[PDB]
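Quick setup: one chain, the form deposited in one PDB entry, written in structure tokens, and binding and motion questions come after.
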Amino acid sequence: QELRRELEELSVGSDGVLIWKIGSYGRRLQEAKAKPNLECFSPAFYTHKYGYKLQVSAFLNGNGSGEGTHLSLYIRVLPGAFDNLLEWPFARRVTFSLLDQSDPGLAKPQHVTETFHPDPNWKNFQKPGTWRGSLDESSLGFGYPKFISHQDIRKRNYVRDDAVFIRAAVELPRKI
């Protein structure tokens, strides 16, 4: 128990890239194969200083159409202290990658990567609320239920030293 400190959370900013390391993949996976929809949370991060506050979540064992077979990957908007200064709904392109942990000087790494434009009609990409059906419900998270198969996750070095890296790159436009 300790106050404001853990305003480190406000110190978490990107590039606008977050790389999120999930350690204990062995224990976590089984723990999630044990209990359905056990969900891993990334630290919250700001797309950019005074920007949108997002967070990534992973289902190591899958969720929905990917339960028990796939890694499921989503992102979500969180209420951030500068929302009123930002355009809404959130509309930046988002790229997820599961990282191939290989030395880029032995063999070029093959990351597992998908990108999307958010859809304006997803309630979670409009301003932190504003009640808009918080009891819809469905995933408070937009993303891929079949991001990578438990089969494919074991190839190459997507898992290494018992950890995966999740990258989420938010396209940071500037050209008016």
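If you superpose the two forms and keep the largest set of C-alpha atoms that fall within 1.5 Å, you have the rigid core. Residues that one form lacks are left out of the comparison. Numbers follow the displayed sequence, beginning with 1.
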| property | result |
| --- | --- |
| Residue gap status of residue 70, at least a third of other entries | no |
| Residue 136: gap in at least one third of other compared structures | yes |
| Given 86-94 and 102-110, the range whose Cα B-factors average higher in the PDB entry | 102-110 |
| Residue stretch of maximal mean CA temperature factor, 55-63 vs 42-50 | 55-63 |
| Residue 176 by Cα B-factor - lowest, middle or highest third of the modelled chain | highest |
| Relative C-alpha B-factor of residue 116, binned into the chain's lowest, middle or highest third | lowest |
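The form deposited in another entry exists for this protein as well; it is not shown, and the discussion that follows is about that form.
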item	value
After fitting the core, residue 17 CA displacement of 2 Å or more between the shown form and the other one	no
Note on residue 81-residue 10 C-alpha separation in the other form, which departs from the shown form by 3 angstroms or more	farther
Closer or farther in the other form: C-alpha pair residue 6, residue 29 (3 angstroms or more)	farther
Displacement runs between the shown form and the other one, C-alpha, 2 Å or more, three or more consecutive residues, core aligned	1-14
